[PDB]
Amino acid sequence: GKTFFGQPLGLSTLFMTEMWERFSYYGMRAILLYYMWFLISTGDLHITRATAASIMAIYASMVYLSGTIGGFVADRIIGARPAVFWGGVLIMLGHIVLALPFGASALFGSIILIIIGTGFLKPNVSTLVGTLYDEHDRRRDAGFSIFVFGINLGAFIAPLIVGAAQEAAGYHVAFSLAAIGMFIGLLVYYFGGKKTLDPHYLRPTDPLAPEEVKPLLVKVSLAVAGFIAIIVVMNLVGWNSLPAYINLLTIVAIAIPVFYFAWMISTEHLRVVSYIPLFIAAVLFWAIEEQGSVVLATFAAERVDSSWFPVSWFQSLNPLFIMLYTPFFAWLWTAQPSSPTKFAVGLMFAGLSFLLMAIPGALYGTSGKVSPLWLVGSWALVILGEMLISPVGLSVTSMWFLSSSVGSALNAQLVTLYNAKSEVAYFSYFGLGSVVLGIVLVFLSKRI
């Protein structure tokens, strides 16, 4: 129908490709924690709920950390369009694995398939959106807003459809629905891409030169050997527990930025030095925002009297508030504060969302059930902070893609401190710590 919301026709294919990837990812994301609880509940999965909560966080962390390499692989080894397709195949296979009649045994294979596949697909689907606007186009900003709208839309309907299906039929039937969404995205992506997309991106745009293959091989091989060497030393010293492997990835996930930062601090260097508070602010915000899939999901199931609807539906509040807030903040910023002071306020709101959640337990006690409106207000606050941090954050800096992996890595340690006895302290303490750190950044907003 000629333009798609004024944008080139190929936005529709990419819009829907990622809408269905996000449907498959976030639909699984809404019921995976309850799935592990269920597997624990029947004795099939021998971990604590604290460990089940830490897996959700470190699972997310690796997915974002898989996304920093995906652009490289498609820009230099395979194509951008092949990375999205074959990434989608891996995400679909990851969900098929959980739909099969397995239990805990399938969990690792599903997690590893989706980590790799999302890493190939997620950065390069955004790359293909840029290829629609050849160069120096005003439409670019609008078309990415359309693309992101399909992202949030798929994240919004997925807990509704997949969560209700888990309620209706099994967990396995619900996971197959996630697999089917990715399949739908592949159909539209494949047949729709052939018609629209540039055949230039069937092939790497910056292919490896003859002399670059061997150093890259050495580099990737040295990384795997040392990583494999660490793992065998762990088991030798007796650190072979699942919580210990999560700590390895935690250390790995946080050391990558630290090493890049210490690297660049080794010519008006203080521009870099300026980014440390900005980066730390992004990590703590993403930590709180990514705990909604974990800590807030636990609260909804254990602590909210939600007996007339599936508890996983609370995951739809995150993209819903993004979609309601997003046209406003577009209007708001065309009619303005700095990038650092935007970060601090974002962490303040994020901290306000956790402070709000400390109130019901303090007032009513912890052995009962509270209104679902508490969680509704909590997500309203944290997504408010996302509007300030996210659209601005990429500009102030990818190394910013990594802030999400570190926040979830930190989460893999913190969420194990959450339970009913620790509820009010967890929310209040970490919620206050975020707001206070936002005050320090407002003080530090002077220097940049």
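One-based numbering along the sequence shown. By rigid core we mean the largest C-alpha set that fits within 1.5 Å across both forms.
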{"property": "Farther-lying stretch by C-alpha RMS in 9 other deposited structures of this protein (rigid core fit) among 295 to 303, 129 to 137", "result": "129 to 137"}
{"property": "Greatest C-alpha divergence in 9 other deposited structures of this protein once each structure is fitted on the rigid core, 93 to 101 or 272 to 280", "result": "272 to 280"}
{"property": "Unresolved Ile55 in a third or more of other entries flanked by modelled residues", "result": "no"}
{"property": "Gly393 not built in a third or more of the other entries", "result": "yes"}
{"property": "Extent of unmodelled deposited sequence, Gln336 relative to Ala335", "result": "4 to 9"}
{"property": "Residues with no coordinates between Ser266 and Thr267, taken from the deposited sequence as a class", "result": "4 to 9"}
{"property": "Higher-scoring stretch by recorded Cα B factor average, 184 to 192 or 340 to 348", "result": "340 to 348"}
{"property": "Given 354 to 362 and 325 to 333, the range whose Cα B-factors average higher in the PDB entry", "result": "325 to 333"}
{"property": "Top residue by Cα temperature factor, when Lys214, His172, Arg76, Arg139 are compared in the entry", "result": "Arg139"}
{"property": "Out of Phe149, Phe156, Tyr275, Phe314, highest CA B-factor residue", "result": "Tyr275"}
{"property": "Chain thirds of CA B-factor: placement of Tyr133", "result": "highest"}
{"property": "Chain third (lowest, middle, highest) by recorded CA B-factor, residue given as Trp400", "result": "highest"}
{"property": "CA B-factor ranking of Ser110, expressed as a third of its chain", "result": "lowest"}
{"property": "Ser408 by Cα B-factor - lowest, middle or highest third of the modelled chain", "result": "lowest"}
{"property": "For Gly393, the third of its chain into which the C-alpha B factor falls", "result": "highest"}
